[PDB]
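Encoded as structure tokens, the structure appears first; notes follow it.
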Amino acid sequence: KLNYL
Amino acid sequence: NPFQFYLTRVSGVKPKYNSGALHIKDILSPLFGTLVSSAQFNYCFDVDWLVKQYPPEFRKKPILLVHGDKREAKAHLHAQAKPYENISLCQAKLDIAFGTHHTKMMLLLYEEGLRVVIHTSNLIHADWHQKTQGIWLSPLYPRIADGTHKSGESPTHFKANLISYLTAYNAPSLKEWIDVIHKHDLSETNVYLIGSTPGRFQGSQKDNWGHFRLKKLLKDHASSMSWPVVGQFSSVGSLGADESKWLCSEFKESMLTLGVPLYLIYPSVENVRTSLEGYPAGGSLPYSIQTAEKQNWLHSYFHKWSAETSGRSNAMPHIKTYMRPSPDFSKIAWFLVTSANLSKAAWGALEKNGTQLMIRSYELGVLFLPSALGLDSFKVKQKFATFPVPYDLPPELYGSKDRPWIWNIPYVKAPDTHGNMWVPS
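Next up, the structure:
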């Protein structure tokens, strides 16, 4: 996952 | 400095405010030791960015990524890592639904010994740029003399606690790290480890993880003496239809144990709007309208993010801290920095009522207890024997026009710092 979005 | 508690560098504040702060490049620098191998536990990764944070001399040394990604997201992370021969990955089993591998820890093996780092930042450029984040640095732990019989254990039981934490994963590549830890002397460690791990826990095992672990440590290693509980975080679980479902019942009960006003600090729209990032700070503050609308009662516990003490009022918090100040906030009975946000997922909730603790996620924190230093309390350092509290006290209440930052609704009536609006979708 690269960020929460 | 008995604490070894630090904040990350913030870009765009005055240099005096970054003087005692650390960037990931600083942590990984050759000055910290001669790296041989490392494990990086996290939630989100940007492998390309990550590999560049290591100094050139260390970039080819083995790295393990401990993540909780599944299915396609797992594939993408593997793809991201593929170029870098030296990187392996370990997928943390997430058997309970809505669980995440949320722990932020570095294990750093060097020629000179071992270092453990527990912190709050995802391994992505944005978490280390203009956010308030926290870091605990272990001392350099020596290897145990090949000719001697010693535990290498501290009075806080850190070494055995970390090994149990790692053991719960049940993962081949971590066993190697468990064995490295066995070989090292961690006896100078003065903090207590507080971990979360996914499961349903019964009997004496209730005390092992989550807020019960905290309850236990506070029962055995604090003493009693109207002292508020402060909790500060960046994500908000679904807490229930009122405060008695979980917040004030089991959660605050754990937090108030020793040997009552509850302050919760969570950024307002206004905090986020005028921050250094502006509205895109809210991409790291995932409180959804769906959850918020279910629990409006909570928001009257909410206090603004203020951090003039550390020059970071405009650096949105991704740190998570919990503590117990005296009535005038001049001192504290304890301090906790951790990855655990304000959620049941992270802290655990009571099931088959009373008998079972349900934790969804992996979390990790370090608790600073005055008793571990031979003291009764810490004095609060007013300007970031005296603990460095990184935000202002007392916490200030939401004004009547303030709202909690909610990430999935639009803000179009006022532009942010950069003259932009926020329209999710």
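Heads up: the sequence lines are chains C and A, in that order. The opening residue of the first sequence carries number 720 in the deposited numbering; numbering runs sequentially from there. What the second sequence shows, in the deposited numbering, is residues 162 to 386, 391 to 424, 435 to 559, 568 to 608, in sequence order. Heads up, the beta-carbon is just placed ideally off N, CA and C, and yes, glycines get one too.
Residue i classed as buried or exposed, judged by whether at least 16 other C-beta atoms fall within 10 angstroms
i, result
"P217(A)", "exposed"
"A521(A)", "buried"
"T328(A)", "exposed"
"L548(A)", "exposed"
"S505(A)", "exposed"
"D209(A)", "exposed"
"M386(A)", "exposed"
"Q294(A)", "buried"
"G486(A)", "buried"
"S199(A)", "buried"
"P442(A)", "buried"
"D230(A)", "buried"
Residue of the options minimising C-alpha distance to residue i
i, options, result
"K254(A)", "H262(A), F319(A), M604(A)", "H262(A)"
"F416(A)", "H372(A), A508(A), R170(A)", "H372(A)"
"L238(A)", "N203(A), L269(A), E272(A)", "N203(A)"
"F259(A)", "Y537(A), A597(A), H184(A), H318(A)", "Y537(A)"
"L460(A)", "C413(A), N516(A), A321(A), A182(A)", "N516(A)"
"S400(A)", "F164(A), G364(A), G457(A)", "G457(A)"
"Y438(A)", "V572(A), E579(A), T569(A), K376(A)", "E579(A)"
"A236(A)", "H478(A), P587(A), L250(A)", "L250(A)"
"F166(A)", "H601(A), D207(A), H280(A)", "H280(A)"
"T317(A)", "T569(A), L542(A), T466(A), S403(A)", "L542(A)"
"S172(A)", "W289(A), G602(A), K377(A), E233(A)", "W289(A)"
Beta-carbon neighbours of residue i, restricted to chain C and to distances below 7 Å
i, result
"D230(A)", "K720"
Residues near residue i in its chain [Cβ-Cβ closer than 7 Å; skip 5 each side]
i, result
"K186(A)", "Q214"
"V595(A)", "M604, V606"
"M533(A)", "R361, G523, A524, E526"
"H286(A)", "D207, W210"
"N591(A)", "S463, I464, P607"
"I257(A)", "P359, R535"
Beta-carbon proximity list for residue i, same chain, < 8 Å, skipping 5 on both sides
i, result
"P593(A)", "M604, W605, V606, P607"
"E314(A)", "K320, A321, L347, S348"
Same chain, Cβ closer than 6 Å to residue i, five either side skipped, listed in chain order
i, result
"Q397(A)", "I440, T496"
"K380(A)", "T422"
"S299(A)", "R276, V277"
"residue 142(A)", "Given that chain A is displayed from residue 162 to residue 608, the structure contains no residue 142(A) and the question cannot be resolved."
"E452(A)", "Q291"
Amino acids of chain C, ordered along the chain, whose beta-carbon sits closer than 8 Å to that of residue i
i, result
"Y204(A)", "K720"
"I507(A)", "Residues of chain C passing the Cβ test: none, with the nearest at roughly 31 Å."
"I296(A)", "The contacting residues do not exist; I296(A) stays about 20 Å from chain C at best."
"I285(A)", "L721, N722"
"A234(A)", "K720"
Contact list for residue i against chain C, beta-carbon separation under 9 Å
i, result
"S459(A)", "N722, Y723"
"residue 616(A)", "Residue 616(A) falls outside the range modelled here, since chain A spans only 162 to 608, and no answer is possible."
- Query: When the Cβ atoms of the segment 357-369 of chain A are set against those of the segment 405-424 of chain A, are three or more pairs found closer than 8 Å?
  - Reply: no
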